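Everything below concerns the one structure shown next.
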DNA sequence: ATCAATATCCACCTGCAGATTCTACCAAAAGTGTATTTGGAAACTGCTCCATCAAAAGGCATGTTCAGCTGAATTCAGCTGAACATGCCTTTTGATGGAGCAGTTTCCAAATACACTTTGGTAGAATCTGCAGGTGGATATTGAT
DNA sequence: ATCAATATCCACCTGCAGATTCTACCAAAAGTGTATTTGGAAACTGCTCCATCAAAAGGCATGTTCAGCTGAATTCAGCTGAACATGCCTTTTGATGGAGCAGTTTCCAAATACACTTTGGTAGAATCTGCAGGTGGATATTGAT
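Residue numbers (UniProt numbering), protein chains in the order written: chain A, 20 to 103; chain B, 26 to 103; chain C, 33 to 125; chain D, 34 to 125; chain E, 12 to 119; chain F, 16 to 119; chain G, 39 to 135; chain H, 38 to 136.
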């Protein structure tokens with residue numbers, strides 16, 4: 020494949036301010052887009068960590084949606100709408 | 026009885042929290058939070074007594090109700 | 033394959049409360065997870081109760097205490113009522 | 034007739050700190066710790082068993098539970114001790 | 012040989028009582044399961060399903076639509092006090108948020 | 016002779032194995048599971064006990080009280096993480112005054 | 039006569055009560071409050087002495103942790119005094135409200 | 038003339054707009070590759086059910102929106118209208134994300 | 001920053017009481033040994049479903065300019081909550097005794113668990129049909145004179 | 001208080017992606033007939049738990065004095081919002097290769113199930129660490145040249 024590199028910058032600044040609108044935010048400081056990216060990565064890390072850990076214990080090589088859900092449950096962010 | 030929790034007792038609790046001074050409106054708000062907490066925990070604990078067909082709330086019941094609410098407590102059995 | 037869900041029974045209850053209203057597939061998924069989430073919270077809480085009280089069997093009594101513990105206020109008593117109702121209706125005949 | 038872990042906490046205490054004792058309140062803090070962890074590890078393993086439609090909990094289930102439950106270096110260090118204890122047990 | 016009655020009918024239930032019974036045994040919640048537990052449970056779940064469904068199909072009609080989409084579900088659970096409380100640590104896929112602008116943020 | 020000795024552990028492998036069968040966790044319990052698990056609890060006990068003893072002698076005391084355990088868990092980063100939603104009875108808090116709150 | 043400048047004894051009290059682990063609420067006014075709340079839920083009850091101890095332990099550990107988070111909100115608003123505005127922001131973030 | 042909107046008017050519009058919808062605000066390709074990197078640089082050579090990346094993005098945006106809400110409440114608490122990093126670390130500190 | 005005058009810690013001992021530790025026996029488990037079941041690991045393998053690609057479009061990201069006001073910095077005063085001596089009362093504690101009550105056996109009737117012998121449920125076609133997405137006038141809403 | 005600019009709300013359409021319904025198979029309840037528990041139902045202890053009762057001791061309530069914190073008011077540099085041009089790269093769609101999930105058998109390795117033949121709990125003796133004071137010397141704090 021192609022080398023995967025610096026893809027947290029794919030989380031654009033307009034995409035972040037959109038997420039900020041829907042959260043009820045009117046004025047966004049200039050430093051927010053970096054902090055946002057930092058926190059989202061720590062988040063995604065921790066979930067994909069556990070999701071994959073379920074993939075590994077299953078001896079599976081594809082990460083199933085159920086793996087994501089069991090992961091989100093563990094962290095506490097129980098999700099409705101995928102694989103029951 | 027809620028006033029039995031004296032203002033200086035509340036004041037010390039804030040002190041251990043690292044609080045320097047206390048607005049006079051706090052002590053009422055503190056007693057309201059204190060009560061809702063005791064309310065939610067004692068209800069869940071009492072429910073655990075009633076399910077056991079008992080009339081004495083054991084320390085365990087409280088431990089279970091604390092865990093119940095995600096305030097797990099070490100030191101009182103289980 | 034053979035993957036069972038509650039889509040049959042959610043849809044029955046949907047036609048009951050809203051006889052003219054349909055439901056999308058995504059929304060049915062949200063429901064099937066909801067039935068499953070509650071089912072686990074209650075059963076787990078009763079599993080814990082029976083274990084706390086040194087009893088190897090889960091009666092409908094344990095489930096009721098679980099329902100009181102998990103469900104908030106009026107949702108609890110409205111539920112407990114509906115349950116007890118279906119139990120007495122069952123045992124009677 | 035109530036059993037506890039206080040016998041084994043004391044053996045492990047005298048092991049690491051032969052010079053040090055422990056108070057009774059602190060001994061209950063420890064038992065409760067043991068019990069809490071025990072539930073976390075076992076439940077997470079039980080849920081692993083069910084998610085994958087297996088009916089037996091092996092040491093493997095307990096390991097994945099530890100990686101999910103124990104943060105960072107506690108994980109690797111704890112995974113080691115079990116694999117150590119399983120290996121030493123199985124040998125003879 | 013007598014005719015078979017579904018347990019869900021006998022309790023006057025839409026939800027599957029026989030299935031809830033199996034899922035209590037094969038779920039390892041206790042070694043043995045009482046016969047009133049699957050009934051009592053299937054009733055409670057059916058009740059809560061009915062509650063959520065009524066408030067959603069209401070909000071579906073409020074938005075002038077006859078088919079419940081997850082947006083309506085999120086509107087229903089979040090606008091009701093106890094439902095939101097029961098589903099606090101819970102996110103609905105494609106759910107959105109309740110419109111809520113702060114007072115301070117509004118124009119002069 | 017004991018299963019715990021075969022594993023070379025201080026924690027009861029036999030008792031843990033019964034606790035897994037009586038615990039309603041799985042239909043059957045493997046033979047390697049309770050060994051593995053008992054070793055993990057033994058270790059985690061040791062690591063808390065060591066840090067508690069250090070906190071105990073750092074306070075001139077030879078008997079570990081709960082305060083030494085709270086200091087041991089809250090000053091350790093990864094134990095504080097594992098036991099975040101946990102209250103140590105009679106534990107107190109670590110001394111910490113905010114900078115802004117300090118005298119001139 | 040001699041007096042300590044205001045706020046001095048406050049930091050002194052902070053450094054003492056953070057140093058100790060004693061229970062800070064008087065035992066009986068608490069226990070009286072506990073049984074009162076239990077009465078409102080069930081009548082003629084009885085508590086193990088260790089059960090009122092548990093509730094008092096859990097309860098001061100809750101409040102002290104809240105005051106920690108409350109103080110941080112007071113600091114976040116360029117203030118030094120904790121107000122009911124701070125306790126409400128603290129609990130509305132935690133999810134208790 | 039030409040017309041201009043008083044700064045602050047478009048955001049109130051934008052808040053009302055995205056609070057009324059349920060679409061996913063992050064573009065899907067950059068989020069997908071971001072997930073594959075975080076996963077690749079965790080366990081090499083993996084695959085992903087499309088619905089698994091969906092579920093990730095759903096839970097992610099849901100998380101961040103709820104973080105902004107809690108953040109904005111801290112900004113309002115500081116008599117500001119602009120959300121700053123200072124607010125987010127506070128919100129996550131109280132949340133227990135990292136106290 | 002020093003020179004003093006309180007009030008505060010903090011070091012160093014010390015004898016004792018309340019717990020801690022070590023001791024003596026006792027059922028309740030735990031470990032063996034033997035004999036069955038049985039769960040899931042290995043070995044194909046059919047086949048969803050994932051990874052990759054190309055090609056065109058048009059949605060949207062990016063970067064730049066401009067400036068309205070928002071955050072921050074400053075000043076000050078009123079007034080709130082800290083400090084403090086003080087005067088009394090509610091808590092502490094230390095049994096002491098009385099009994100309601102959690103805890104233990106010993107039956108057993110009733111409720112469950114198994115172990116095999118008729119649909120409800122699900123996976124697909126085969127029909128239906130909300131509403132997504134595109135337009136345009138009605139209606140606000142906003143901001144400049 | 002007007003009057004364009006511009007955005008929003010909302011009714012109308014209509015083919016279509018997606019729901020709803022129809023239909024054959026089949027996994028899983030249901031129904032019966034025994035084989036086990038199991039948790040009450042009484043019958044009785046020993047705990048613990050409530051209840052006064054009665055001193056004293058801090059501990060709390062209180063009122064006065066004012067130090068300095070908060071909140072309001074003002075000012076302004078400059079940040080971040082609003083618009084617009086620009087062109088990239090996401091999106092959309094449709095097709096394939098084949099990996100690796102997942103449905104089936106087959107069959108040992110391993111877990112289970114009784115049957116019999118030490119450890120851990122528990123309630124006493126024999127220590128024993130910390131408590132809780134008590135001077136006594138820097139320490140930190142605050143008032144005044």
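Just so it is clear, CB atoms sit at the ideal spot from N, CA and C, and this is done for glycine as well.
DSSP-derived helix/strand/coil call for residue i
i             : result
residue 98/A  : strand
residue 59/H  : coil
residue 79/H  : coil
residue 45/H  : coil
residue 57/B  : helix
residue 67/D  : helix
residue 99/E  : coil
residue 108/G : helix
residue 46/A  : strand
residue 120/G : strand
residue 51/B  : helix
residue 89/E  : helix
residue 68/G  : helix
Straight-line gap, residue i to residue j (C-alpha atoms, nearest Å)
i             : j             : result
residue 68/B  : residue 91/F  : 35 angstroms
residue 29/B  : residue 65/G  : 10 angstroms
residue 117/C : residue 70/B  : 26 angstroms
residue 121/C : residue 95/C  : 17 angstroms
residue 120/E : residue 129/G : Within the shown structure, residues of chain E are numbered from 12 to 119, placing residue 120/E beyond reach of any answer.
residue 109/F : residue 53/D  : 22 angstroms
residue 51/E  : residue 119/C : 6 angstroms
residue 74/H  : residue 24/A  : 7 angstroms
residue 64/A  : residue 77/H  : 11 angstroms
residue 85/B  : residue 61/D  : 13 angstroms
residue 111/H : residue 115/G : 8 angstroms
residue 55/C  : residue 66/C  : 15 angstroms
residue 34/E  : residue 56/E  : 14 angstroms
residue 119/G : residue 59/A  : 33 angstroms
residue 76/E  : residue 117/H : 40 angstroms
residue 69/G  : residue 26/B  : 9 angstroms
residue 39/G  : residue 123/H : 44 angstroms
Spatial neighbours of residue i in its chain, beta-carbon cut-off 8 angstroms, leaving aside the 5 residues before and after
i            : result
residue 84/E : 63, 67, 103, 106
residue 64/C : 37, 38, 39, 42
residue 80/F : 71, 105
Residue i beta carbon near the ligand FAD (any heavy atom closer than 7 angstroms)
i            : result
residue 68/G : Ligands in the displayed structure: none, and consequently the ligand FAD is not present.
Residues of its chain near residue i, where Cβ-Cβ distance is below 7 angstroms and the 5 sequence neighbours each way are ignored
i             : result
residue 136/H : 130
residue 89/E  : 95, 109
residue 112/D : 96, 99, 100
Spatial neighbours of residue i in its chain, beta-carbon cut-off 6 angstroms, leaving aside the 5 residues before and after
i             : result
residue 32/E  : 49
residue 90/C  : 78, 82
residue 103/C : 111
- [ ] Compile a chain-ordered list of the residues in the segment 87 to 109 of chain C whose CB is closer than 7 angstroms to at least one CB of chain B.
- [x] 97, 100, 101
TODO: Report the residues of the segment 13 to 26 of chain E with a CB closer than 8 angstroms to any CB of chain F, ordered along the chain.
DONE: none
TODO: Quick one: which unbroken alpha helix (DSSP H) runs of 4-plus residues sit fully inside the segment 81 to 111 of chain D? Chain order, please.
DONE: 92 to 102
- [ ] Taking only beta carbons into account, state which residues of the segment 40 to 56 of chain A come closer than 9 angstroms to chain E, listed in chain order.
- [x] 41, 42, 43, 44, 45, 46
TODO: Compile a chain-ordered list of the residues in the segment 80 to 96 of chain H whose CB is closer than 7 angstroms to at least one CB of chain E.
DONE: 95, 96
Task: Complete beta strand (DSSP E) runs within the segment 43 to 84 of chain E (minimum length 3 residues, chain order) - done: none
- [ ] Closer than 8 angstroms, Cβ to Cβ, to anything on chain D: give me those residues from the segment 80 to 101 of chain A, in chain order.
- [x] 85, 89, 93
Open item on the list: Output needed in chain order: residues of the segment 43 to 69 of chain G with a Cβ under 8 angstroms from some Cβ in chain F.
Closed with: 45, 46, 49, 52, 53, 56, 57, 58, 59
Open item on the list: If the cut-off is 8 angstroms on Cβ atoms, which residues from the segment 83 to 105 of chain E count as contacting chain A, listed in chain order?
Closed with: 100, 101, 102, 103, 104, 105
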